[PDB]
Amino acid sequence: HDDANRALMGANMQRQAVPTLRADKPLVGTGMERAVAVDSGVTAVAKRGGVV
Amino acid sequence: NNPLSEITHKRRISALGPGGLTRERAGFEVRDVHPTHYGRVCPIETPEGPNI
Amino acid sequence: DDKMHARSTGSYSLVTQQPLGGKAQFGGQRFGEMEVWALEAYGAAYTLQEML
Amino acid sequence: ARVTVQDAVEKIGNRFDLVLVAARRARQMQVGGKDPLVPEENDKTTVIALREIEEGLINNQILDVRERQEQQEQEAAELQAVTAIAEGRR
Amino acid sequence: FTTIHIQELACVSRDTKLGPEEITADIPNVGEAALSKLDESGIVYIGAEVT
Amino acid sequence: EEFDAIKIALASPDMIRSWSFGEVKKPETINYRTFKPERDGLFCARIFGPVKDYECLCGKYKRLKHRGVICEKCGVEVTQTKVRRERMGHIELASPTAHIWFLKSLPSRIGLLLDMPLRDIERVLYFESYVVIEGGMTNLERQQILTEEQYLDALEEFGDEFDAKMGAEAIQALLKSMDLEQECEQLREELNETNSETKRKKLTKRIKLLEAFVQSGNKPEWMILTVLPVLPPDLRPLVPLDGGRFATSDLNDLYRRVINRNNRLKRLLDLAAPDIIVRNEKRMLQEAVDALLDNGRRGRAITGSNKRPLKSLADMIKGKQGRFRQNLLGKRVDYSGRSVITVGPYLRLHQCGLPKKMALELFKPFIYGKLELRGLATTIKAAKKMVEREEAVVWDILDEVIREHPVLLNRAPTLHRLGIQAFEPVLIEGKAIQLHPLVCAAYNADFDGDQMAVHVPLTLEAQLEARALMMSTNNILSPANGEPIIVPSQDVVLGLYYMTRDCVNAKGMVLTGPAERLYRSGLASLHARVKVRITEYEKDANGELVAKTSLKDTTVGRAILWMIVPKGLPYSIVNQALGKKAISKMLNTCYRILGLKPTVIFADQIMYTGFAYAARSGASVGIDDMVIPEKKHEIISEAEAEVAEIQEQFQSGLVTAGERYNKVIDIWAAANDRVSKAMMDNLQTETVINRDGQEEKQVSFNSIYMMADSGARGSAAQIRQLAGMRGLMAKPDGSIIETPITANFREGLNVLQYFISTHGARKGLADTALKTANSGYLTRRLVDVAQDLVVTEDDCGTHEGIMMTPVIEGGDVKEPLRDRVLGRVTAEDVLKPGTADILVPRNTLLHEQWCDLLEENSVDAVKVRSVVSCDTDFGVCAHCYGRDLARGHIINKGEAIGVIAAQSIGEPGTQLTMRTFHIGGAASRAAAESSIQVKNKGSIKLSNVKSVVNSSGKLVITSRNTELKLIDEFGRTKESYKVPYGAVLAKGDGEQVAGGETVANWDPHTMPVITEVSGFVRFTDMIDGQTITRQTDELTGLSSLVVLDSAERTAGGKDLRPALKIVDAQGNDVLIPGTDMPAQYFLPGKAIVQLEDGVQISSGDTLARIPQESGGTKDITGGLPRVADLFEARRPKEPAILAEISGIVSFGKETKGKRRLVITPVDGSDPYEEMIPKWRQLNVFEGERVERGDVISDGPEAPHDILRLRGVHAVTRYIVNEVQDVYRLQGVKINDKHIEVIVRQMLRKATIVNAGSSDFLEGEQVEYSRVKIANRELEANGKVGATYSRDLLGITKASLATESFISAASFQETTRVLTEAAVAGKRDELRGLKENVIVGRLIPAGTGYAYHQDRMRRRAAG
DNA sequence: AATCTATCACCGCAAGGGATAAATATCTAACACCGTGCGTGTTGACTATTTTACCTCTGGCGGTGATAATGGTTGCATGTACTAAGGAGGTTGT
DNA sequence: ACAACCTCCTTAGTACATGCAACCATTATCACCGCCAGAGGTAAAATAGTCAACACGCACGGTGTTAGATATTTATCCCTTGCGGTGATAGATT
């Protein structure tokens, strides 16, 4: 439902975005909202697992 | 700026330097799209202005 | 937030006695050739001579 | 008047000679405090300079009429001896 | 939508004919409240606010 | 009294010793255990002055204590550190040596003093060969070259009076023995009866150089110098650094390398070494000198370890980075700043918002400058505790500014005046810049975190002129025409449109009230349909009030606007829907009639009026603001089914693959345009259910439609993509694709529809991001040529002028008389009989209502004054421009037309080469330009008129500016419409109407070119090829003829006037009834004739057309390159000939490249010849025979020859129409008084074609303000002189040699310019604008025009 | 510019809340004493403050080596888009 | 006799505007080591001094007692609240 001239902006505004004091998730989404949390280790993940 | 930006930064694809050209000494060989981009290189995840 | 850059007076380029320019220099900012064309077009000679 | 100002151009018919007449009042206030004949209504010196042609009178162009004649009505008094001075050139 | 940042600023003491250069707080009658926040070595404390 | 201006020559090897003090002898700058900057080297204090302030080396003269001395102990001066800025050094060159800008400077300069191979003059300077120099016991003679291995015995009988020698020494020696008391006077007798051409194309460069040397004080020795002057250290600022490192940069190190090479060349001569080592070191020294001068240009560059070249001396001048552009014509500035723009809706129009700590920063000179002047701090030192604190005492000190102080504001890059304006502070929070909403339009403010800049004026004079000249309230209008651009802005005008729209049911289908508090009484709306008698008034030109009264059909919001409207104009103007389409014209009407203050208040108070109600409209974009036509289903049963058989017809053998591409893309266009019809019924009316008690089929309240009918931001090209079909796109090659988007943004886009339209979007956004340079660089070079037109004078005596017309392309009225004539002045006593037989004398200022009296008589031509019809020296005379368009008055004596006109073209070109191309993801057009329709009960009044009745069934208009007034039952006009010539009427005069009712029509692309009279068809003022060219089709056999006028013609008939005709049973005019004169119908080019001679037709029937895709203030469009040579003024580089002799044509005298045609007149006895290009296509071979210039080949007519073969007013009447009509197709109606500037400044030069006894030569093109020396003394003392004229030199040539030459040095190609400034030893007069920018003076416009008048009574005392 | 009747309400005038200041009682601080120890004084012997003298450091800088060594390096100015100028030379013309 | 003209020769003159962020490296190359300077070292005496001795003598600070202040407690007083009775407002008219 979007023209390329604003899809271009969407592909950059999400990148110009910055950490904030009370951050909150994309409620609408694609599924990448959990991949992009792990694709640089910004969330720690159980590389073996067990009991904390 | 935030995690999504560094995650895509690590997989940026320049068209420049010895093997391509610059922002200045270049036409559309470095800026436009060709159909084999399908499945491979998204035509909207670029900076804006003359950097397109 | 980072870019509140005004100036009364400050740094000067020894190479030309003109202001330096830059936030990283607390500089003075460029009244350009196009900005001169507006004062020329207005017939505003004292505001122009002020910059010069 | 501060609240819009181009009407001082249409008051005369031109726009930069306007600024020379304004400056002729302006310097005589900013470097001489010379007498006004209308108030300011907070149009501070930058625009008291324009007030002079919102009206059309109080630069020295009417001191050239007033104070320059206060001399010359002594020249009229004294004309009875200005003859002897003007005869006494010969 | 308050954001949080971490930024860096630095200084030097050059090789003089002896070797060191000075670092202290003496700037008398120039802005005294903008001095009240410093180490013996003329440096702010970790944990102090500054503006 | 003031120092006048500046003069030039070159640095004579002797005269340098009047400015300098010794050899800058060594490379170093320090000495181990002492800082003492090197005694005799690049920091030689004995040559350049003291080190720390006043400080000599070695002791005894330091601090402010000692000054005006020379220290004994090391021989060093005691002055000040900054004396290192101009106490120059020198270096004695151990060879005569070049200077790069006389050799690498194409055309170059050394050859123009020797007339000997420029290819190898450089080797003679590299000291590779010998030449003969002087004598009277000659045997060889001068300029004979040699090697060196012979000379000997003849010296015993001839060796008293002859000499010959090597290289640069021998060239510099030969340059002693010419005699200017005899050379220059004899170089001119060829001009009597005999002078040639290519030898003139070269040697006039020398003849001009030598005459310019004599008239300016130059000397040819200055080509081949023996001394390098040395850049003063403070311009390359030699100092140490705290990091134990030094300022050794570039403009120091280049001199180390030169000093070293020259100190070897010295030692090698001092020892008389092998001459090999001397020859190599000469070549290495010239290499290092010319690389120090202009590094890189000598086919090589000098570099350092981080690979880079070193900055040359010429990199302070030649290209972009030079002083002219980086430090003079623009520069870094104090009392200034920048920040992000923010909308400030409570700022009144004269105001701007500024954070308290930014006001503190910008006003420090008022604080650290008044505490010490009231006692409000104990000292400026202690005050640090109080000023940085923003303490109470700061704010009296700042109201004493703010309460009457004009801040300046800036939105670079300032391609147009309104990008800079003046205001008044308001204090605020934050870190932004707050910006009044009506000027946000005038700036083009783009709120994506882009910025604006701020400048404080501090002189009393700058503040006086800022309020008088730059203030927003005092510059409201478009300089190109005169609509407001300081204007009710982006969503403000949806509020005003909403207050002025009305509805069915409406919470008030008819209802009224006052009182905003009644929006809280239970039942009200701004769409509720008020009616009220309102007595209403209209100010006359004399100042009285034409009182009126009327019933109204209106709303609460239309009634509230009678609070805001300046009630000296009538309520009935508000009785409409005030979108961006309409609202500007209320303010425009106020400006035309009431006065400035009334028009400002009416613009300002509309702002808050918009903000009170724009929100309460509830207008949105959302999923059911996106309706779709159901009957799209039926349309898909047509278009996709038409394609389905057509793709079989290709395969079964009834189409090829190629026509099939068009024959399917056209069907995709027809599918989009079919759906686009159903779309508008559903979007605008489809409430169907079957009344009574149902079916409110009203005009819709869909927001996406309202976003276009308000003009807020919407268009038909947006609506197609949002309510029916996105349609078609371009590929990266620019042409259309067989792959449509049959869906719209509510139906969706699949991966492929996204991906394909993304290619067109990438191409368009990449052209958006690049093709601006092809307009901005041109705009920069344009101002250098354009500047000098300050309104200086009054009538200039030029009793001549251009025959301008409405824009009538033969078969449309694309611009009426009004818009083009807008406050220009007549040049003849114009009169046209027709309806009121009006006469408008010469020297009358044509404000709009002079045009109204002419348009009733359907006036289609008027001789007017022109910015080209202007004799005035540098400046211009008021009659040539008449009325300013931005301040709005009879144009102020001091207004700078030159820069205003350049800006009026450079901005809209650069603007729309972005604002159309960022859209390439979809394409469509739609139009309605073909009919006129009545809207209420009334009676018809034909006006401005002739009209006829037609045997083929029609009633038709036959006049060029025609109108159709609508009247009530009693005599009140209620509407009027312009109506084209050839428009078919559906009504008679005094007939009756009810509304919903078409009353006139014409072709979608044409007003059909139509007859008054019945007879045979004929042609007149026409010749085939030379005025018209052919087209043909089948069906019955068929014809058409394209008309040709000013881009297209041969020499033999250049200025013909093509005119269709109606005639008797054999011969001549069926004279026009009631105006009994020839029945002849004149046209421009670009129209197309569609009936021919010997055909026979009726009154009110047709002969010609146009393929006019209408453009407009919509659809949109964009482009530029075809404009270029209309301002660079050459010929096509391919002379694809159109022949100059009729019918008898052959080949017969072929030659060693180009063809040679051989030709003869049809009844003559006299053959001629033509040189057609080597290989070029011919559309003819043996039988295909025509008049003087039909399509034998296709070469378009050269723009410079439109001057040479039609004259200055004729060429102006087409350059000021073709470029103008590109901008008219963009909807940008620039008045002709702007493109006339660029034509005046190609006409800046004035040809001269023989010698004399004044300003007179041959082969010359003098600045016109000089050559008037002819009339200035011929008419007073008789003298002797020659033919003189005017030229069409392009911007790339006209700029290179202005008299304001201080400006021209900034043009670029700065070597070509500065070498001519050196050759002419040139001496300025300060008469443009840029010259006084460069010398930091009052610029010769407005408030500095008001100072240049004093200089004009020093230059004229007695 | 004076008159008032007839609004929406402040006055008409009862109640009651907090306040602060009185008196009491607690706190601390200012002092005066005492004791400690340091920087109160001259004298005297020490040893190394400075000077000059002498005997003998560090670093100023001038001077130039020989079994013989005898055709060198140097990499990328730039690929585009324009087009104005000079350069070439044979010749078909001026 | 020269003139420019046909052709592709090469040359080389330019390439719009405002602003912010960053940090300041690579070379090798015998400097030889011989001489001697004023010149480094230091012993013994000038320009003059240390600080330990035994005296000298004083200031300062902490322990003790006293002083009075202050913050508490108490209780008084006034200014304020909220409602009510009915006020001459607001402003239309004289």
# chains A, B, ... in the order shown; residues from 1 in each chain; ligands from 1

$ residues_around --residues "segment 34-47 of chain C" --least-positions-apart "3" --cutoff "6 Å" --atoms "only C-alpha atoms (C1' of nucleotides)" --output "MDAnalysis selection string"
(chainID C and resid 31 50) or (chainID F and resid 414:415 417 462 895:896 899:900 1338:1339 1341:1344)

$ residues_around --residues "residue 63 of chain G" --least-positions-apart "3" --cutoff "10 Å" --atoms "only C-alpha atoms (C1' of nucleotides)" --output "VMD selection string"
chain H and resid 33 to 35

$ interface_residues --of "chain H" --to "chain F" --cutoff "12 Å" --atoms "only C-alpha atoms (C1' of nucleotides)" --output "PyMOL selection string"
chain H and resi 2-8+10-19+24-27

$ residues_around --residues "residue 90 of chain H" --least-positions-apart "2" --cutoff "12 Å" --atoms "only C-alpha atoms (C1' of nucleotides)" --output "list in words"
residues 4, 5, 6, 7 and 8 of chain G; 88 and 92 of chain H

$ residues_around --residues "residue 349 of chain F" --least-positions-apart "4" --cutoff "8 Å" --atoms "only C-alpha atoms (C1' of nucleotides)" --output "number ranges by chain"
F: 423, 436, 438-439, 472-473, 604

$ closest_atom_pairs --of "chain E" --to "chain B" --cutoff "12 Å" --atoms "only C-alpha atoms" --output "JSON lines"
{"residue": "E:3", "atom": "CA", "partner": "B:1", "partner_atom": "CA", "distance": 11.1}
{"residue": "E:4", "atom": "CA", "partner": "B:1", "partner_atom": "CA", "distance": 11.3}
{"residue": "E:5", "atom": "CA", "partner": "B:1", "partner_atom": "CA", "distance": 10.2}
{"residue": "E:6", "atom": "CA", "partner": "B:1", "partner_atom": "CA", "distance": 11.9}

$ residues_around --residues "residue 4 of chain C" --least-positions-apart "2" --cutoff "7 Å" --atoms "only C-alpha atoms (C1' of nucleotides)" --output "PyMOL selection string"
(chain C and resi 1-2+6) or (chain F and resi 339+431)

$ write_last_selection --atoms "C-alpha atoms" --output "CSV table (one decimal), in the first residue's frame"
chain,number,residue,atom,x,y,z
C,1,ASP,CA,19.4,19.5,20.9
C,2,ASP,CA,23.1,19.2,19.7
C,6,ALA,CA,24.5,30.8,17.0
F,339,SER,CA,18.7,25.9,13.6
F,431,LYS,CA,16.7,25.3,20.6

$ atom_distance --atom1 "atom CA of residue 670 of chain F" --atom2 "atom CA of residue 725 of chain F"
11.5 Å

$ atom_distance --atom1 "atom CA of residue 9 of chain F" --atom2 "atom CA of residue 224 of chain F"
14.4 Å

$ atom_distance --atom1 "atom CA of residue 1118 of chain F" --atom2 "atom CA of residue 718 of chain F"
17.7 Å

$ interface_residues --of "chain F" --to "chain B" --cutoff "12 Å" --atoms "only C-alpha atoms" --output "NGL selection string"
:F and (731-733 or 751-752 or 754-773 or 914 or 918)

$ residues_around --residues "residue 3 of chain B" --least-positions-apart "3" --cutoff "10 Å" --atoms "only C-alpha atoms (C1' of nucleotides)" --output "MDAnalysis selection string"
(chainID A and resid 14:15 17:19 36:42) or (chainID B and resid 6:9)
